[PDB]
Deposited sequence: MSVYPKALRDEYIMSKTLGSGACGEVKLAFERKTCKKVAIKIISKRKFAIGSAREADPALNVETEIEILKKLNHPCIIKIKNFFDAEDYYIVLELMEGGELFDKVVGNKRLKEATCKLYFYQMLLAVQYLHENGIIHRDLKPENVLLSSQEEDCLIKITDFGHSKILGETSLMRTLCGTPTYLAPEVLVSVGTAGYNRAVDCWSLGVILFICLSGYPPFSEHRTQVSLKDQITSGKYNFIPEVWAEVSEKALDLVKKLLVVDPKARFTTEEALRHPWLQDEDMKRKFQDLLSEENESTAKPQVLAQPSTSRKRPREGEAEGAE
């Protein structure tokens, strides 16, 4: 059964997806919520999500630590982005841009606040409505990590008389862990624009691993002919194998493909619609 403290505040309803996500109604307000059930690092995910405040990142409404974990969240009526890209379905380039812009803003906000998501995937991008133009929110912070003062920094404060060479070599590449999120964004954007994954074991002899470490994405010219050169250019700068040369979220946001004032206006318009609100002075 559901725990009593949850039943106290919420009436539970039908499954929305699957881990498992259920529809519920908050008794106090009679408004719909979603309740993620995680069968029994969740404490950390909760703590991370409670501190973050961004319109493209999902907010926690409540939490119950019972026989399983129950996380109450805002209901995202559009479901998962995954459902929009399966079956080689693909979005209009304009829609890809709106969604990707928001993903970039979200991930930029995470990285500024010392958080790496580490599991960015279409399944973890939720749409706020069934309309094609809508807000997206990033979810599922179960693999996420907090950037802080490292043991490396502490190690490098002394003289390395006794220090191993591999530690000194790792200084070259440290502090670029956040770049794994930009690679994922790149893969997501590729999928959204083309309707197929860049690295896959479908109709090829190269191993998935070897595809990825070489950076050799599967390019099918006629799927891409309809897509703009600027869109593909950005994809190329995100799917760079060297994490230090890979585009950051800031660099992606400055890319020509995202200098689209129509898209940006539509995003601001959707934000205003969402928000309610409170009177202001002057």
Discussion item. As a test: can you identify every run of the deposited sequence that has no C-alpha position in this structure, in order?
Written reply: 1-2, 21-23, 46-60, 303-323
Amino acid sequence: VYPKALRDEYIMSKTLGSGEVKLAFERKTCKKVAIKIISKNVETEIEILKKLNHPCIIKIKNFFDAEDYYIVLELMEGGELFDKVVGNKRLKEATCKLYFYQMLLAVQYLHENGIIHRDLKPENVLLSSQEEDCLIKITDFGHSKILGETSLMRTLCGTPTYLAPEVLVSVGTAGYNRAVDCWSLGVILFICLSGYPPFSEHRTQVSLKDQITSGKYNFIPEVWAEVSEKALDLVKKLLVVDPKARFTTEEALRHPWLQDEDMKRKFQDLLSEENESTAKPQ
From here on, numbers count along this sequence of modelled residues.
Worksheet item: What stretch has the higher average Cα B-factor here, 115-123 or 194-202?
Response: 194-202
Discussion item. Mean CA temperature factor from the deposited coordinates, higher in 104-112 or in 142-150?
Written reply: 142-150
Fill in: Residue with highest C-alpha B-factor in the PDB entry, from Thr173, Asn88, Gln211, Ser184
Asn88
Worksheet item: Which of these, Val42, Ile60, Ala245, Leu232, has its C-alpha atom at the highest B-factor, as the entry lists it?
Response: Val42
Worksheet item: Where does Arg7 sit by CA temperature factor within its chain: lowest, middle or highest third?
Response: lowest
Discussion item. Among the modelled residues of this chain, does the Cα B factor of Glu80 put it in the lowest, middle or highest third?
Written reply: middle
Worksheet item: By the record's CA B-factor, is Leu238 among the lowest, middle or highest third of residues in the chain?
Response: lowest
Worksheet item: Compared with the other modelled residues in the chain, in which third is the CA B-factor of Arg254?
Response: middle
Fill in: Chain third (lowest, middle, highest) by recorded CA B-factor, residue given as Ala164
lowest
